[PDB]
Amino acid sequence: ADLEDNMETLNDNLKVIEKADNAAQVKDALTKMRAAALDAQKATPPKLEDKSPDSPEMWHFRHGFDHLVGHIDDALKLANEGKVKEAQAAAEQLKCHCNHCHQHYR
């Protein structure tokens, strides 16, 4: 899968969490988002095609996925503790990670 695929996965599953018909859908969507984020971390975005992999730009791009995965993991822990409403609330705050990275590089 490529970066566009990964972003579709992130977009669809963030919306699944927002609209989940049952609690179990939340964990399943978070799990798919985590994998999409780690896959996306291994891509080069079109607007950074000219930059070194050691550029401050590519460093900040990769770091955004590490930080997103950390907060996905926090939400997964809540869902695995049965606190699925709290997990859904945490997932809502993941949109800030999307908006931040996009502001830089989308």
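One-based numbering along the sequence shown.
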{"property": "Of 24-32 and 50-58, the one with larger mean CA B-factor", "result": "50-58"}
{"property": "Higher-scoring stretch by recorded Cα B factor average, 94-102 or 15-23", "result": "15-23"}
{"property": "Ranked C-alpha temperature factor of residue 66 among modelled chain residues, by third", "result": "middle"}
{"property": "Among modelled residues of the same chain, the CA temperature factor third for residue 41", "result": "lowest"}
{"property": "Cα B factor band for residue 87 (lowest, middle or highest third within the chain)", "result": "middle"}
